[PDB]
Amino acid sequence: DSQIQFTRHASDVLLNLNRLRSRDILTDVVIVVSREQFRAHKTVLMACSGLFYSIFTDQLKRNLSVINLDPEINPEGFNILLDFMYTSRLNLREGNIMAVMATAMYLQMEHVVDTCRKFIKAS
């Protein structure tokens, strides 16, 4: 009938999902990146990453509780991207850009990769 749009709702949801992550509430996977580990919600990972979408949509892998990433992936770059997934904010710096871009390619995050390219273009 009469539709009403709430402009802050999606950001408020994402904030609250991040609050749950910070309390480890209903997290259902650990992502292992070399010597570090990061806990998350599979649904958020799938929503933000083609790699995680492809993993958890397969019935064969959906119920995995631990995912080991490629040993070459930089844990800092992963952490930057995980925080982006839950905040919409990307901490890109000359000192991290290459690792973040390579990690975003691996995670299949095309908009982040494109933004990294724009960052390179802007020096």
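So that there is no doubt, residue numbering starts at 1 and follows the sequence shown.
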Of 111-119 and 8-16, the stretch whose C-alpha atoms average the higher B-factor in the entry: 111-119
Of 92-100 and 61-69, the one with larger mean CA B-factor: 92-100
Which one, 27, 43, 74, 49, has the peak C-alpha temperature factor per the PDB entry? 74
Listed options 54, 87, 34, 79: highest C-alpha B factor recorded at 34
